[PDB]
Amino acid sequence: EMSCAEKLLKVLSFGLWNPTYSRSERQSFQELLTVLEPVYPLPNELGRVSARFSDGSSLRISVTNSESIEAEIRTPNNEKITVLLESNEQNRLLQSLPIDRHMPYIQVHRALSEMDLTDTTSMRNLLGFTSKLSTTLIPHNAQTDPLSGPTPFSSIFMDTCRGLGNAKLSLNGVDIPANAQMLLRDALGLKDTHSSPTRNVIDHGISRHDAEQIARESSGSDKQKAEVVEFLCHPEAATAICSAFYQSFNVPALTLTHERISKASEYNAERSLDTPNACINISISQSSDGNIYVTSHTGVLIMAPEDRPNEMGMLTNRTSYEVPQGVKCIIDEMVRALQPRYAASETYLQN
């Protein structure tokens, strides 16, 4: 009687893109795969991933800086087995986890399924998949570095107002739907697009009362909903949430790709395709040690390179960073404290 976590580990091991999977089976994998969540990595880890399932099984994969991969499975009965996994060209294990790697090339994936690209829903759905796959780190210099220049972070509060209620947001693996996102917009004191957060939230975080209301409207288990309230009550939660939406995180990656993105924009405008310019999907976690990690993804339509005309895909830009304790929701403090990595991949459809 096989567990959720066990199931996913089997797939990842055999290969999520394995040609011997019956497609109806690829359905199943999505539902499992999207429970996967990036979380705070330890000092010699390149990436750490966690998934807590509704049958009470959990899974934890570590990837060392040397790219050695171990899984830890907890069955609902709370038995622990620790599995040592190998990634190779048949399973593509490392390609199929939310991890950034130091590759010499931007990683390319193939979307599995009839995930078209006609509208808002399909695009979100695409980003919903790609942001569980790997990405290739991109360096910046002083010109592209999203935190350098005369006004780093100027736009965050605006970015947060426009993002909340239009994002896919996850706090400790708990899905925060649009309604609850709106409450969160209010709770931070960002009622309108011109204001900053309330002096009170900046210093004491969200009131327990708002925090409690937000989690009641949200999805996931009662034990998980508990950590969300505890999470939002920190002053640092405000900092993680707003910083997550900074638009310029995307500059390193576009500096590499924008012409191909614009090309896709025009292709779509010329056909009356009602596609959003961009989509966001954020995952924020606080470990049982109180460590706060943010992973933010922006998905954006992009044309294949010249050799494959009229084909269209998504570029996903991933931004990861710890929010250290004591770092409060102010522009000035976000700048000299936060240290993001940027990574990107390109995903193409099965059309």
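We number the residues from 1 along the sequence you see.
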The stretch whose C-alpha atoms carry the larger average B-factor in the entry, 139 to 147 or 179 to 187, is 179 to 187
Which has higher Cα B-factors on average according to the PDB entry: 51 to 59 or 23 to 31?
23 to 31
Highest Cα B-factor in the deposition, which of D100, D159, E114, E259?
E114
According to the deposited entry, which of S68, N310, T316, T319 has the largest Cα B-factor?
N310
Split the chain's modelled residues into thirds by Cα B-factor; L16 lands in the middle
Where the record places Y105 (Cα B-factor, split into thirds across the chain)
lowest
Of the three thirds of its chain by CA temperature factor, lowest, middle or highest, which one includes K263?
middle
Please rank the C-alpha B-factors of the chain's modelled residues and tell me whether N250 sits in the lowest, middle or highest third.
lowest
Sorting the chain's modelled residues by C-alpha B-factor, tell me whether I202 ends up in the lowest, middle or highest third.
highest
